[PDB]
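Respectively, the protein sequence lines represent chains A and B. When we follow the UniProt record's numbering, the leftmost residue of the first sequence carries the number 29, and every step to the right adds one. When we follow the UniProt record's numbering, the leftmost residue of the second sequence carries the number 29, and every step to the right adds one. To start, the structure itself, in structure tokens.
There are 2 protein chains.
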Amino acid sequence: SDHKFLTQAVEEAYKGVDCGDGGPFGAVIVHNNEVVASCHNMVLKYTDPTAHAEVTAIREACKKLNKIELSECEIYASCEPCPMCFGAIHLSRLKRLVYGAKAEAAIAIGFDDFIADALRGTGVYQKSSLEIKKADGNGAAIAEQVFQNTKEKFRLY
Amino acid sequence: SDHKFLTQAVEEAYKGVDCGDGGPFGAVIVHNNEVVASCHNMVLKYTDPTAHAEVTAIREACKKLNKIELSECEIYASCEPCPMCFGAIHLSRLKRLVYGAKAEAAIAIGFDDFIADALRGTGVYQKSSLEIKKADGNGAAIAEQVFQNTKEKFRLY
Ligand SMILES: COc1nc(N)nc2c1ncn2[C@@H]1O[C@H](CO)[C@@H](O)[C@H]1O
Ligand SMILES: COc1nc(N)nc2c1ncn2[C@@H]1O[C@H](CO)[C@@H](O)[C@H]1O
Ligand SMILES: [Zn+2]
Ligand SMILES: [Zn+2]
Numbered sequence: 029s030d031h032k033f034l035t036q037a038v039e040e041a042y043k044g045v046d047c048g049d050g051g052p053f054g055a056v057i058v059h060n061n062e063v064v065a066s067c068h069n070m071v072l073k074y075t076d077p078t079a080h081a082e083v084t085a086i087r088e089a090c091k092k093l094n095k096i097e098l099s100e101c102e103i104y105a106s107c108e109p110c111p112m113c114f115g116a117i118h119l120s121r122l123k124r125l126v127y128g129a130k131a132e133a134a135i136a137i138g139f140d141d142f143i144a145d146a147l148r149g150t151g152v153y154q155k156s157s158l159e160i161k162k163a164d165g166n167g168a169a170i171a172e173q174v175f176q177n178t179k180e181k182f183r184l185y
Numbered sequence: 029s030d031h032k033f034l035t036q037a038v039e040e041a042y043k044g045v046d047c048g049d050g051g052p053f054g055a056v057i058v059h060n061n062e063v064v065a066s067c068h069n070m071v072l073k074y075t076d077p078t079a080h081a082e083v084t085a086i087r088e089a090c091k092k093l094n095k096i097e098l099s100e101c102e103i104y105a106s107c108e109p110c111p112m113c114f115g116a117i118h119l120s121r122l123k124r125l126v127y128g129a130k131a132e133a134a135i136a137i138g139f140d141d142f143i144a145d146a147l148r149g150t151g152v153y154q155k156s157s158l159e160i161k162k163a164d165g166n167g168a169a170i171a172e173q174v175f176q177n178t179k180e181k182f183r184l185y
């Protein structure tokens, strides 16, 4: 199940970078094995720098479920959430986060050196008790290769 | 300059709680003393936990200026931006942030202890070069009074 939804997030990343909707990032929000939202970066399509994959998925899931809290839901991110997106995940009350690639893979192709302290447990003020799973093995390898695979299909923002 | 726009953000907070749109928070994005966006919390209105005043203002200013970066603009927040909104401010490339009330003022009336390390200078993985101004004197008094005045006039989230 973890592999299935992380794979879906990776496919969302590829599909979005191929749509021109934005960067190669995907996010899937699940409610007891039922997919609530399946999204990718929409920064370019929406002219919205907050329209990240995780934020877009949170917005869609909350609108679909008619509630501002997703405490019975989990989020699968193709790449490690940035500070903004991790803050959005915290505010969403999502109960579990599974991400595929480390932020360094996105940074290696020119993305912002923009990493969430609360995710890595390196903050003074911002804490996290959110359940966080770093994927390993096959799905992790695929998610990390996402960025080397899609460097030509888009220009960074 | 700063006091007028900070007071407009505070007025946005009051209007938002009066409308039931969300919590007592406002944000005003300006470009050389010209307001590009004036917003408040829309979390309850939009059923969107990311619809913070700062995020909403960034969305609307990016729509108005037809671009995803606001490097020529400044943002006034009635209260200290949370980690999500500070990440959004970083991503939007806003060149200056002026905030009125410290996050403790919002915490003292029931909001989460949810503070951005990068804003306060305690970040390790997230570093901001943004010019940040904490308001003093009358602006600080107004912004802090927001939370005493709006106590139990809105639903918490
Ligand atoms: C769209 O969904 C996204 N998801 C993630 N996770 N990151 C994204 C992103 N869009 C841009 N980025 C940048 O990638 C690094 C984060 O690792 C930071 O530099 C981000 O600004
Ligand atoms: C919508 O506009 C907002 N702006 C800011 N800055 N904060 C907000 C907020 N809505 C709720 N909050 C909470 O207040 C604390 C941050 O000081 C945290 O707990 C936040 O979740
Ligand atoms: Zn993000
Ligand atoms: Zn915020």
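For every residue, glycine included, the Cβ atom is placed at its ideal position computed from N, Cα and C.
Residue i beta carbon near ligand 1 (any heavy atom closer than 7 Å)
i	result
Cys67/B	no
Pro111/B	no
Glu97/A	no
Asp145/B	no
residue 194/A	For chain A, the structure presents residues 29 to 185; residue 194/A sits outside this window and is missing.
residue 187/A	There is no way to answer for residue 187/A, as the model of chain A reaches only from 29 to 185.
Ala131/A	yes
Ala134/A	yes
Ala105/A	yes
Beta-carbon proximity list for residue i, same chain, < 7 Å, skipping 5 on both sides
i	result
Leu93/A	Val64
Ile160/A	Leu125 and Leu147
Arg121/A	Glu97, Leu98 and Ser99
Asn177/B	none
heavy atom of ligand 4 below 7 Å from residue i C-beta
i	result
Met70/A	no
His118/A	no
Cutoff 6 Å; reference residue i; Cβ partners in own chain excluding five residues on either side
i	result
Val58/A	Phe33 and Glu102
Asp30/B	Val126
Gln154/B	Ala146
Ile96/A	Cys90
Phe175/A	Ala133, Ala134 and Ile137
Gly151/B	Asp145
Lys181/B	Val45
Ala171/A	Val38, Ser106, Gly128 and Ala129
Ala81/A	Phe53, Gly54, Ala55, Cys67, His68 and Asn69
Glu108/B	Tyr127, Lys130 and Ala131
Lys179/B	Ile137
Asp164/B	none
Spatial neighbours of residue i in its chain, beta-carbon cut-off 8 Å, leaving aside the 5 residues before and after
i	result
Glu39/B	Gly54
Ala168/B	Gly128, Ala129 and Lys162
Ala79/B	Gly50, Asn69, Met70, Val71 and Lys73
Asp76/A	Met70
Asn166/B	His31
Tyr185/A	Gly50, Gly51, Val71, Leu72 and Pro77
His118/A	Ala146, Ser156 and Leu158
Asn61/A	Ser29
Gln36/A	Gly54, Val56, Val63, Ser66 and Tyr104
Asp140/B	none
Closer than 7 Å: residue i CB and nearest ligand 3 heavy atom
i	result
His80/B	no
Whole-number beta carbon distance between residue j and residue i, since they are thought to touch under 8 Å
i	j	result
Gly48/B	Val71/B	With 8 Å as the limit, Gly48/B and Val71/B do not qualify as a contact, their Cβ atoms being about 11 Å apart.
Near ligand 5: residue i beta-carbon under 7 Å from a heavy atom
i	result
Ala37/B	The model on display carries ligand 1, ligand 2, ligand 3 and ligand 4 but not ligand 5.
Ligand 2 heavy atom lying under 7 Å from the CB of residue i
i	result
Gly51/B	yes
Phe114/A	no
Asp46/A	no
residue 201/B	Here chain B has residues from 29 to 185 only, and residue 201/B is not among them.
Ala169/A	no
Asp141/A	no
Against chain B: residues of the stretch 38–71 of chain A by CB proximity under 7 Å: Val71
Decide yes or no for the touch test of the stretch 126–144 of chain A against the stretch 134–146 of chain B: beta carbon pairs closer than 8 Å, at least 3 of them. no
Cβ contact (3+ pairs, closer than 8 Å) linking the stretch 43–53 of chain A and the stretch 78–97 of chain B: no
At a Cβ cut of 8 Å, what residues of the stretch 89–112 of chain B count as close to chain A, listed as they run along the chain? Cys90, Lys91, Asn94, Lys95, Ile96, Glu97, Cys110, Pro111 and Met112
When you check each C-beta in the stretch 151–179 of chain B against every C-beta of chain A, which residues fall closer than 7 Å? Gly151, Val152, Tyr153 and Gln154
Is the stretch 109–122 of chain B close to the stretch 143–154 of chain B, with three or more CB pairs under 8 Å? yes
The stretch 110–139 of chain B: which residues have C-beta closer than 9 Å to a C-beta of chain A, in chain order? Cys110, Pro111, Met112, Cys113, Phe114, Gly115, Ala116, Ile117, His118, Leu119, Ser120, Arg121 and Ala131
Taking beta-carbon pairs under 9 Å, can you tell me which members of the stretch 70–86 of chain B lie near chain A? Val71, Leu72, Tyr74, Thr75, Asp76, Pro77, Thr78, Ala79, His80, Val83 and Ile86
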